[PDB]
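# Coordinates in review
Here is how the chains run, residue by residue.
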Amino acid sequence: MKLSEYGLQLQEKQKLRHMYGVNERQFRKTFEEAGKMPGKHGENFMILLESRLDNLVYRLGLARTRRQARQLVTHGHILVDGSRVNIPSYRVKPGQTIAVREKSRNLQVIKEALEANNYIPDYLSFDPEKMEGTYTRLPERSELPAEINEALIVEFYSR
């Protein structure tokens, strides 16, 4: 009857998993992949989940939801650092700029998400005139879901 902690640990993973829509492969992969940058492995995982090409797009205001942002990337409309990145699993890093493709600017789905913008993180600079977002810095926990805890998920790979 009383669920032990072993169940609460994976439970947390279930949430952070169906959160921004992180597939399992991208979850385990993005994981052993985050252990590359130094700075609390957990933090890294919480930093890549947002770096997701789709996340950043939706985070700014070019799409209303992942169904809208994800579709934008695939449409090779987002120009990273001035380069078409129709790859959603790709990853962006400081110094790179997210910019909507010209022909892909009258997109109603975007013109509609531009208004839905009313809260852009501090490390993301959104340019409305040229519709260009810039990764001016890395994200922090003061903005990522706080009701989440990767620890119980950290030792999970040590099992």
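The name given to the chain in the PDB entry is RIBOSOMAL PROTEIN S4 DELTA 41, and the organism recorded there is Geobacillus stearothermophilus. UniProt's Subunit comment on the chain is quoted here verbatim: "Part of the 30S ribosomal subunit. Contacts protein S5. The interaction surface between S4 and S5 is involved in control of translational fidelity (By similarity)." Per UniProt, the chain carries the Sequence similarities text "Belongs to the universal ribosomal protein uS4 family."

### Quick notes on the pairing of strand β3 (residues 97–100)
Side chains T97 and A99 project from β3 onto one buried face, and the interleaved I98 and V100 project onto a second face that is buried too. Bridge count between strand β1 (residues 78–80) and β3: three bridges; the pairing is antiparallel. Note that in β3 the partner of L79 across the bridge is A99. Where β3 and strand β5 (residues 132–135) come together, three bridges link them in antiparallel fashion. Counterpart to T97 in the pairing with β5 is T134.

### Observations regarding the domain arrangement of the chain
One can read the domain layout of the chain as domain 1 (1–51 + 140–159) and domain 2 (52–139). Placing the centre of domain 1 and that of domain 2 at their C-alpha centroids yields a distance of 24 Å. Regarding the contact of domain 1 and domain 2, the summed buried area is about 1500 Å², with carbon and sulfur atoms giving 40% of it. Per-residue buried area on domain 1 facing domain 2 is highest for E50, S51 and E143; these three make up 44% of the total on that side.

### Concerning the nonpolar core
Across soluble globular proteins, you tend to see nonpolar side chains buried next to one another. Counting 21 residues, the largest nonpolar core has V57, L62, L72, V80 and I110 as the members making the most contacts within it. Listed by contribution, the elements that provide at least two residues to this core are α4 (53–59), α5 (66–74), β1, β3 and α6 (108–115). Not counting chain neighbours up to four residues away, the residues in contact with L72 comprise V57, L62, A63, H77, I78, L107 and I110. The next biggest cluster of nonpolar side chains, apart from the first, holds nine residues, and it includes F31, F45, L49 and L144.

### Some words on the environment of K15
By the secondary structure assignment, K15 is in helix α1 (residues 5–18). Looking at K15, the relative accessible area reads 31%, which means it is partly exposed. With 133 residues separating them along the chain, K15 and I148 place their C-alpha atoms 8.2 Å apart. Not counting the four nearest positions on each side in its chain, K15 is found in contact with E147 and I148.

### Quick word on the pattern of salt bridges
Considering all chains together, one arrives at four salt bridges under this definition. Across the pair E43 and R141 runs a salt bridge, and its minimum N-O distance is 2.6 Å. Residue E43 is found in helix α3 (residues 41–51), and its partner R141 is found in the loop between β5 and α7 (151–158); the two are separated by 98 residues along the sequence. Taking the relative accessible area as the measure of exposure, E43 reaches 13% and is therefore buried.

### Topic: the environment of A63
Mapped onto the secondary structure, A63 falls in the loop between α4 and α5. Those residues within four positions of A63 in sequence are excluded, and the remaining contacts are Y58, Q68, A69, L72, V109 and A113.

### Digging into α6
Taken residue by residue, α6 has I110, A113 and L114 as its buried positions. The buried residues of α6 occupy an angular sector of 110° when the element is viewed end-on, so they sit on one face. Seen from the buried face of α6, the exposed residues on the opposite side, beyond 90 degrees, are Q108 and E115. Elements that come into contact with the buried residues of α6 comprise α5, β3 and β4 (124–127).

About the criteria used
Residues numbered from 1 in each chain as written, not as in the entry; some residues may be left out. Heavy atoms only, no water. UniProt positions renumbered as here; feature names shortened; annotations may be inferred. Buried < 20%, exposed > 50% of the residue type's maximum accessible area, 1.4 Å probe, protein only. Helix = DSSP H or I, 4+ residues; strand = E, 2+ residues; numbered from the N terminus. Pairing = 2+ DSSP bridges. Domains from an automatic or database assignment. Buried area = accessible area lost by both parts, 1.4 Å probe. Core = buried A, V, L, I, M, F, W, Y, C linked by side-chain atoms within 4.5 Å. Contact = heavy atoms within 4.5 Å. Salt bridge = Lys/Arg side-chain N within 4 Å of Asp/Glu carboxyl O. Arc of directions from axis to C-beta.

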